[PDB]
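Shown next, in structure tokens, is the structure this report addresses.
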Amino acid sequence: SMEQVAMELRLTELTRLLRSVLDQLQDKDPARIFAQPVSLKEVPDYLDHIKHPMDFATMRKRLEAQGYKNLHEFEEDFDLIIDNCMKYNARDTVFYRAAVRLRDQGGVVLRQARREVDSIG
């Protein structure tokens with residue numbers, strides 16, 4: 001149907017916007033602490049601590065399959081990246097501190113992304 005096609009075009013356009021948001025968020029992590037999944041070879045107990053792991057590579061895979069239906073879904077995944085790190089790692093670690101900086105800096109980007117997703121429908 002033409003309606004299905006139109007809905008597909010909206011999903012595609014959202015996907016393009018989310019790809020730029022994701023690039024911008026990832027630049028706020030120049031150390032690449034959140035680039036890849038936590039390794040179960042190197043943190044074998046990780047899943048006893050953290051139930052829903054998340055990282056930028058896993059977000060990127062989801063995005064390229066047009067797997068985010070809306071910005072809320074994408075923000076949930078970004079928040080897991082930050083929130084997992086701040087529970088697993090102590091306050092006085094380079095990891096926790098990197099999460100805090102990513103949160104603070106990413107908040108700016110997400111604030112305007114919310115306006116762009118509303119604005120352009």
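Chains: A, B, ... in order of the structure tokens. Residues: from 1 per chain. Ligands: from 1, in order shown.
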
Could the residues of region 23-69 of chain A that have an atom at most 10 Å from region 76-79 of chain A be listed as JSON lines, each with its closest atom pair and the distance in Å to one decimal, counting only C-alpha atoms and ordered by chain and ascending residue number?
```
{"residue": "A:25", "atom": "CA", "partner": "A:78", "partner_atom": "CA", "distance": 8.9}
{"residue": "A:52", "atom": "CA", "partner": "A:77", "partner_atom": "CA", "distance": 9.4}
{"residue": "A:53", "atom": "CA", "partner": "A:77", "partner_atom": "CA", "distance": 9.2}
{"residue": "A:54", "atom": "CA", "partner": "A:77", "partner_atom": "CA", "distance": 6.6}
{"residue": "A:55", "atom": "CA", "partner": "A:78", "partner_atom": "CA", "distance": 7.9}
{"residue": "A:56", "atom": "CA", "partner": "A:78", "partner_atom": "CA", "distance": 8.1}
{"residue": "A:58", "atom": "CA", "partner": "A:77", "partner_atom": "CA", "distance": 9.3}
{"residue": "A:59", "atom": "CA", "partner": "A:77", "partner_atom": "CA", "distance": 7.1}
{"residue": "A:68", "atom": "CA", "partner": "A:77", "partner_atom": "CA", "distance": 9.8}
```

(request) Excluding residue 97 (chain A) and residues on its chain fewer than 2 positions from it, collect all residues at most 12 Å away from it, counting only C-alpha atoms, and give them as a list in words. (result)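 My list of contacting residues is residues 29, 31, 33, 82, 83, 85, 86, 87, 89, 90, 91, 92, 93, 94, 95, 99, 100, 101, 102, 103 and 104 of chain A.
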
Those residues with C-alpha atoms, as a JSON list (two decimals), in the first residue's frame please?
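out.json, written as the output of this step:
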```json
[["chain", "number", "residue", "atom", "x", "y", "z"],
["A", 29, "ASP", "CA", 33.53, 9.23, 24.20],
["A", 31, "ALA", "CA", 38.54, 7.19, 24.80],
["A", 33, "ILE", "CA", 35.23, 3.16, 26.56],
["A", 82, "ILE", "CA", 25.61, 5.05, 31.00],
["A", 83, "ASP", "CA", 23.55, 3.44, 33.70],
["A", 85, "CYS", "CA", 28.67, 1.59, 33.76],
["A", 86, "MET", "CA", 27.69, 3.64, 36.82],
["A", 87, "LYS", "CA", 26.44, 0.56, 38.63],
["A", 89, "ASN", "CA", 32.12, 0.63, 38.22],
["A", 90, "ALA", "CA", 32.91, 2.64, 41.32],
["A", 91, "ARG", "CA", 32.75, 6.42, 41.48],
["A", 92, "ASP", "CA", 36.54, 6.84, 41.60],
["A", 93, "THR", "CA", 37.23, 5.03, 38.30],
["A", 94, "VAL", "CA", 38.04, 6.27, 34.86],
["A", 95, "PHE", "CA", 35.03, 4.23, 33.59],
["A", 99, "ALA", "CA", 29.98, 7.76, 31.80],
["A", 100, "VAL", "CA", 29.23, 10.95, 33.73],
["A", 101, "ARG", "CA", 30.89, 13.07, 31.03],
["A", 102, "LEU", "CA", 29.06, 11.21, 28.22],
["A", 103, "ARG", "CA", 25.72, 11.73, 30.04],
["A", 104, "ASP", "CA", 26.28, 15.44, 30.58]]
```

Could you give me, as JSON lines, a per-residue list for region 30-76 of chain A showing, wherever an atom lies at most 7 Å from an atom of region 2-20 of chain A, the closest pair of atoms and their distance in Å to one decimal, using only C-alpha atoms and sorting by chain then residue number from low to high?
```
{"residue": "A:63", "atom": "CA", "partner": "A:15", "partner_atom": "CA", "distance": 6.5}
{"residue": "A:66", "atom": "CA", "partner": "A:15", "partner_atom": "CA", "distance": 6.1}
{"residue": "A:69", "atom": "CA", "partner": "A:11", "partner_atom": "CA", "distance": 6.8}
```

Generate a file of the selected residues that holds N, CA, C and O atoms, formatted as an mmCIF file, in the first residue's frame.
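Everything below was put into result.cif:
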```cif
data_model
loop_
_atom_site.group_PDB
_atom_site.id
_atom_site.type_symbol
_atom_site.label_atom_id
_atom_site.label_comp_id
_atom_site.auth_asym_id
_atom_site.auth_seq_id
_atom_site.Cartn_x
_atom_site.Cartn_y
_atom_site.Cartn_z
ATOM 1 N N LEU A 63 20.408 0.102 14.557
ATOM 2 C CA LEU A 63 20.053 1.263 13.758
ATOM 3 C C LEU A 63 20.054 0.927 12.274
ATOM 4 O O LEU A 63 19.140 1.291 11.563
ATOM 5 N N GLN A 66 17.256 -0.584 10.752
ATOM 6 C CA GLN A 66 16.085 0.295 11.064
ATOM 7 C C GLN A 66 15.289 -0.232 12.221
ATOM 8 O O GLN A 66 14.063 -0.285 12.184
ATOM 9 N N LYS A 69 12.129 2.408 16.371
ATOM 10 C CA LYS A 69 10.834 2.924 15.838
ATOM 11 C C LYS A 69 10.636 4.365 16.182
ATOM 12 O O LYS A 69 9.879 5.041 15.514
#
```

(request) Once DSSP has gone over the backbone, tell me which residues of chain A are in helix (DSSP H, G or I), as a VMD selection string. (result) chain A and resid 2 to 27 46 to 49 56 to 64 71 to 88 94 to 119

(request) Go through A:96, A:45, A:57, A:75 and flag the residue nearest residue 110 (chain A), using only C-alpha atoms for the distances. (result)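 Using only C-alpha atoms, residue 110 (chain A) sits closest to A:75.
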
(request) Could you please determine the separation between CA of residue 21 (chain A) and CA of residue 46 (chain A) in Å, to one decimal place? (result) 28.0 Å
